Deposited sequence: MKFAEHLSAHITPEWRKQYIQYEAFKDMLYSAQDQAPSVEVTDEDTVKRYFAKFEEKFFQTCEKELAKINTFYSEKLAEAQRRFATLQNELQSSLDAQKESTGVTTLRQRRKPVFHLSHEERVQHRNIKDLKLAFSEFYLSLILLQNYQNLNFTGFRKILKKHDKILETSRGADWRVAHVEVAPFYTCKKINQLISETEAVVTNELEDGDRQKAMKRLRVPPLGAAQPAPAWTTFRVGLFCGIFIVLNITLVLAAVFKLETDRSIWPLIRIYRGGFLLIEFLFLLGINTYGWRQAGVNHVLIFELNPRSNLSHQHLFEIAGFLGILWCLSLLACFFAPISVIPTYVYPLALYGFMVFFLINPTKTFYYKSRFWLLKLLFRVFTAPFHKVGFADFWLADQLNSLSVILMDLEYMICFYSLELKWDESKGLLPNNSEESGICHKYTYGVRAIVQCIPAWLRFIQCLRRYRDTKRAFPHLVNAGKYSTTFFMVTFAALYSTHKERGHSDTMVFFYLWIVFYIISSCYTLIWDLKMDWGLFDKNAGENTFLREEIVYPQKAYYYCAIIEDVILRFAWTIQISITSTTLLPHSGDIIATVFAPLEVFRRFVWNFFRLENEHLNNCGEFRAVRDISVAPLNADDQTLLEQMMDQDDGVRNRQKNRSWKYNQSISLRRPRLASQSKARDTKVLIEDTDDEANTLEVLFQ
């Protein structure tokens, strides 16, 4: 059981965050920088932390040995309450920064100082040299991130692949960071960054899928099993093909060279291909569903740890829907595409992708515990 003081802190942070969110909404309805884009990354990170705490709680309840799957220390483990506490505290900081930006309480301090301080403090907390807060977990996360970003140089384990998938679900943060860099470089044609797109933008969008693709190639080289690793690599490269076709279509829309429609057709066909590939991989391989052996459970795996099959069915439906939504969101953010509705579409879709990745984490850990689908254990 978690410490009583930890539960008290979790409750206090949740309450403060709720009241701050209510105040923010009231100020927005009643009462220079792209605040939405600046704060989208922080909001998505807080949501991801909260959903990860929920994932840990559900894994513990279901009996899934997520500690064994992630190779975490059996003696020392991070309770879901700790994740909830961190998410709540970061939510309070995010809401306070947003309120300060909206109100500008202190004139001398410019508005952007609040978001820069928020993000810098979050980074420092992650890389805090001292052992004040969750030092073991933070160091483990830093090592895992370093291994993941260096996908080919280090052998791939379950934790590395899982973190690479999480970063794939969090490409919106990288997109927002790149957009902010462009905004500072050029804004500070006014909206040149949003008006025009470049190859660097597509590369930033595709970096997580590139990391996953290189991880799959490394696993193929180590194990020499062509089928699964190469199929996953194709699944991840569908994203590159789609994004590059969208970029070409947008570029030739800006200047008509008689190839814009070809690029549009390529983008749409590869968008459908990527959506189908990712959805099939998630439903059949990551979750191990639709197997023939299952006789009692229809469209599900023979053994299901979670009590309800309705969970699995709703998960399949929310997986297909949000796979299509995430493909659309990546299309929207990578290129101009829809010029005015792109930002709103991406903002609405990113939390939905975070929720989809949360459900995917649930069911992937379930399948990994029941069967060695990832083949990361002897």
Deposited-sequence ranges lacking CA coordinates, in order, are 1-227, 259-264, 422-435, 626-702
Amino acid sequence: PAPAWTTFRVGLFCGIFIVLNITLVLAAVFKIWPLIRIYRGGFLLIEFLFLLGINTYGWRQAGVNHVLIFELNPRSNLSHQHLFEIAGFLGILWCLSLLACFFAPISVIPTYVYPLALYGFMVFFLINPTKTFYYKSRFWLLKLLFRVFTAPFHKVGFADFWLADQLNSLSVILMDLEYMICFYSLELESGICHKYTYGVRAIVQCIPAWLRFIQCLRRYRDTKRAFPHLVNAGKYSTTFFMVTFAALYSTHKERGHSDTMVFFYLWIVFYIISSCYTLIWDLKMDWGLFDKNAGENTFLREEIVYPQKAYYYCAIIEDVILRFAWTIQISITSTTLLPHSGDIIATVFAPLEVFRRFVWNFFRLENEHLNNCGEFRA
From here on, numbers count along this sequence of modelled residues.
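C-alpha atoms forming the largest set that superposes within 1.5 Å between two forms make up the rigid core.
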In 7 other deposited structures of this protein, with the rigid core superposed, the stretch whose C-alphas stray more from the shown form, 250-258 or 129-137, is 250-258
Between 92-100 and 171-179, the one drifting more in C-alpha RMS in 7 other deposited structures of this protein once the core is aligned is 171-179
Is it the case that at least a third of the other compared entries omit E302, given both of its neighbours are modelled there? no
Checking the other entries of this protein that model its neighbours, is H194 missing in at least a third?
yes
